[PDB]
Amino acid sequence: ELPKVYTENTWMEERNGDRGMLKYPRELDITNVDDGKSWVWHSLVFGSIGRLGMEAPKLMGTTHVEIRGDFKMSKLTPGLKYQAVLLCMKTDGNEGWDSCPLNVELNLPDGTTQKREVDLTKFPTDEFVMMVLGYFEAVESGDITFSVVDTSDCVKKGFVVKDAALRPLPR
C-alpha cells in the first residue's frame, strides 16, 4: 500500500494566481445514490499501467435523476471569467435518453439562473464529455449552486459522473 499525498479540491495557475475548483462525486448531492439500484458505485479506472480507481456512480436504471452541487465564490478569483462544467459519460447500453433531456441550471449569488436542456443522445458513447453548466464572472462572496435533473416517466440508464468543476476559461 502506497504512501499518501493529500490534496485540496482547488488549483491555481502558476502564471497569474488564477484559481479553479472542483468537486468529486462523493462531494456532490446525488438523490438516491445509495439506494442500491438507481446508481451503483464503480471503481473508475483511468490509465493502463499502475492503475488505481476513483469511486464514481453509474446510473443503472431509474426515472429520478437528480444531481446537485455547490461552490463558494470566495474560493475563486474575483473578476475572472469562469466556465462551470460537469464531467460525465454516456455509456454503451444507455437507455431512456431519446425523449428525456437533462434540465441543467446554474444559480449565481446575484439571484440569476442559467437554464438549458441537454439531449444526451447527442453525446458520444463511452467517452467523457465536459457538459457546460454555465458561464460567469466571479465576485468576492456568495454561493454557486447547480442542478442536473430529469424525473420524467422514462427509465434512464447508462450515465457516469466524474466531477463538477469551475474552471477559468482555457487560454
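Residue positions are given as counts along the sequence shown, with the first one as 1.
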Between the two ranges 138-146 and 26-34, the one averaging a larger CA B factor in the entry: 138-146
Mean temperature factor over C-alpha atoms, higher-scoring stretch between 96-104 and 83-91: 96-104
Position of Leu59 among the chain's modelled residues by C-alpha B-factor, lowest, middle or highest third: lowest
Against its chain's modelled residues, does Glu127's Cα B factor rank lowest, middle or highest third? middle
Going by the entry, which third of its chain does the Cα temperature factor of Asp18 land in? middle
Assigned third (lowest, middle, highest) for the C-alpha B factor of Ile67: lowest
So, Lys162's CA B-factor, relative to its chain, sits in which third? The lowest
